[PDB]
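Two forms, one chain: they're shown below as structure tokens, one block per form, named structure 1 and structure 2.
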Structure 1
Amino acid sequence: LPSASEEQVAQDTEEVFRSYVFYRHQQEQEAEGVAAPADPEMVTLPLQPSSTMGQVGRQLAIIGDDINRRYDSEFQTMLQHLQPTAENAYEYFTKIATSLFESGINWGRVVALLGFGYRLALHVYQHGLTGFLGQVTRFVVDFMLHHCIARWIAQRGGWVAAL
């Protein structure tokens, strides 16, 4: 039977990324307590915990905690310099996302991209750019569609292959 198409995977990315952000933020609160950076937008976003995509984004947040520390530490330092406008956010997002996939696609790099979206969203919020988390979501969804990441994931069996 047919598994998810490129188009279905590309649509699914919205929910995977929202779920990743939610559970990653929850994990950061668990690990850092009152030291965790505040972003109420990441607590209140749309969530369907029991859905397959909700489960996938959660699992990527969990495994990301252990495999993404390298990509992450740098992201934090290399974002301190970004200005809170939509254009600067887009330009930075696009340069870094492009660099992550220059030598091909793998699951660790997909998780890195989700984590970079997370850090970017958090940074712009901390610098006063509210109402932008949906925009970072759309940056991620659209980048993965047009840069053939959704196609690659469909070829691996869809987002469920990440469970």
Structure 2
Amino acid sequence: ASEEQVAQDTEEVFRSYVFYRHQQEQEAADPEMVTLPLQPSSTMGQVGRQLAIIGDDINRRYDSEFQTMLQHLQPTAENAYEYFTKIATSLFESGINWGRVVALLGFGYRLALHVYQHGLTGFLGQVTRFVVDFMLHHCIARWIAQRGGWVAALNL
């Protein structure tokens, strides 16, 4: 039950994170990333917004490099799940921390943006499911639940 609430919250955090990462890239375009569906009075918009802000220093440094490796990987609708799963599994093989959780959100954002830029529309909800389902089945949602939920990310 605790994990399922974290999974529901993860969908909101990821959609908010995407919205705010895209908006700050625009203020520093993917029309699929300009909508922010949230439940009433949700705190997860603030969580995603703060995570997009606090990772900006590192992300702005490496965005070009990450985009370049994605160009090399050439993800498509047919292989994106396999590649997402392998990369995310490796990311957490040696452990979980809040930084790596944010890196996973950033990977989902950059993957979604990359496929859209290469012509694959309608895929943002697919990547959202990949992120939520990975966290649920690979013990990340449990780790977050043990720290008090995603609201613990507001202290970062």
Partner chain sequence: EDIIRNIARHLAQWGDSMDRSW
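In this text, the rigid core denotes the largest set of C-alpha atoms whose superposition between the two forms falls within 1.5 Å. Numbers given to residues start at 1 and step along the sequence of structure 1.
So which is it, 1 or 2, that shows the form deposited with its partner chain bound?
The chain shown as structure 2 is the form deposited with its partner chain bound.
Hey, after the core superposition between structure 1 and structure 2, which of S103, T130, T44, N106 has the C-alpha moving 2 angstroms or more?
Among the listed residues, the outlier is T44.
So with the core overlaid, does the Cα of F75 end up 2 Å or more away between structure 1 and structure 2?
Yes, shifts by 2 Å or more.
For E87, what C-alpha shift in Å is seen between structure 1 and structure 2 once the core is overlaid?
C-alpha shift for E87: 2.7 Å.
Looking at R156, what is the CA displacement between structure 1 and structure 2 after core superposition, in angstrom?
Here the C-alpha difference is 0.7 Å.
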